[PDB]
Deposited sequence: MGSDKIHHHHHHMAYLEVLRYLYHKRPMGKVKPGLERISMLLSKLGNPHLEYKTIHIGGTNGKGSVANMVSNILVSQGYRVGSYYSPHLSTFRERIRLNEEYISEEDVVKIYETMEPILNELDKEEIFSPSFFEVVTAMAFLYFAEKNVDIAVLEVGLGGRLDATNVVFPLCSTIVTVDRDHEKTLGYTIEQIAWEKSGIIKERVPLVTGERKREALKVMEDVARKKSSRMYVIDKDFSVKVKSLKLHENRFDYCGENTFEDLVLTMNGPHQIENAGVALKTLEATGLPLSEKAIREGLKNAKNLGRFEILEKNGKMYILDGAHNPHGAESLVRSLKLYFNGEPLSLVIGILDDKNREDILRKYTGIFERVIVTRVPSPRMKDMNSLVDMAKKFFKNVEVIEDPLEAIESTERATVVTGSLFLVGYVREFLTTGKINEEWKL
């Protein structure tokens, strides 16, 4: 009933930049500083920030806190970005919060210097929503960087920089340590000296207690097994044979980071909640395995030569003896060839498909390239037909658009209208 209004909200958002906290601070001020209405946990880093945020939210939700959680970007629906107790905001509430902000945005939008960006608006929407919902705590994933990220208006219980990965490392590290706040502890999963040196200097300056993986806490992999990845944690507390459903050994480290983040915060937490929250954590399209109707799907949004190489590493751990099929769609704005090359020698069957997006061009040369690397190649242009066509455990990758689209269909049996926007 507010579905069309919801789509129209997304049109306004997606019609939308000088860096700074000035526009976001002013938007929030005009909304009553909703961000100051609850405790906050703030999570940045190049990789793992979404997983660590999710793990943190999930644990606190299990502990029975009323939790708002804020992510970016999204995979299948915009509503992944804003959650209450890890349930996506409804279309109706997105519309409601938007209608609340509308006159304020209309006013700010009159002048380019005051007009908030997409991310600024969405972030303020989350902050406002968390306030309207009377949350106890909000877990906030940094959009990008940290220092001048829209989320960085908070004063959290803990600031986490999961990693700093390649600007020099030192520059990137600096941008990220802008979420370090006075006296607020910092937790990091980072091990590069260059990166830690910066964070050390900022935290020491801010009188922030800093905790560093392998220094102030650690994890020990007991065993990796699909949906049942078992590890010990050593921080303030010690836990043995914790289980992650999420697959991949980096996720076990993200789990250590999440638990340290939670220790550093002081919040009361049960071991039950930690175990259940870790079991419940999910990072969508990030080496996500979904059994559907007996068949396995490895949903991974890898779209970089780097990301693809990681995928293959992860595949070798969990699917060693397994025959595999690949459904791949890559946009032409990506390094198609250097991506495809990662996947040689792995798949029993390769199906190139079209990324479902008006952005998809040059299917023709994509296919030709693939044919440069594998005897296999089939072209099944509709990616849902492509996945329907496999028997083997199937890796769907190449494009986040592709993965979010297929995931949606697999999990819902339909494709929401946001894909038409």
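Asks: Where the model has no C-alpha, note the corresponding stretch of the deposited sequence, numbering from 1.
Replies: Those stretches are 1 to 9, 26 to 30, 181 to 187, listed in order.
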